[PDB]
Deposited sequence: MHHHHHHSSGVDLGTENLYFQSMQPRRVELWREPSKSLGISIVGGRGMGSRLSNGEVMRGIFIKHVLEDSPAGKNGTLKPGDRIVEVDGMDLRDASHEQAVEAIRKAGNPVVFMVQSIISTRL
């Protein structure tokens, strides 16, 4: 599907509620591993496992390292603005 914008509003003393994997190579891109249901990301509802993170707070992450992505997200203000894109998957 098409790339889309996600604005995560931080909550004090809570993590955003995502885990990320990947980065600059079995998984070059940066992707969402998990989303905690009872969390900012869960409450948002539009960020999903398997979503590729293409930008965070204006910074291009399309050829980024795991560290650059982690850093971009941690140093983002509020809201944390992602551009994400879903990847094709198969249910078995």
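(message) Which parts of the deposited sequence lack C-alpha coordinates in this model? Number from residue 1, please.
(response) No C-alpha for residues 1-22, 47-55.
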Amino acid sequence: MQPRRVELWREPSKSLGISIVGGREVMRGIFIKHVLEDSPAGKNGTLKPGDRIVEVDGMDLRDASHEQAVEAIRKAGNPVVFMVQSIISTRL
From here on, numbers count along this sequence of modelled residues.
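(request) Taking the values exactly as deposited, rank residue 51 by C-alpha B-factor within its chain and report the matching third: lowest, middle or highest. (result) For residue 51, the deposited C-alpha B-factor lands in the lowest third.
(request) Would you mind ranking residue 92 by its C-alpha B-factor against the rest of the chain and naming the third, lowest, middle or highest? (result) Within its chain, residue 92 is a lowest-third residue by C-alpha B-factor, going by the deposited values.
(request) Classify residue 62 as lowest, middle or highest third according to the C-alpha B-factor given in the PDB entry, relative to its own chain. (result) Within its chain, residue 62 is a highest-third residue by C-alpha B-factor, going by the deposited values.
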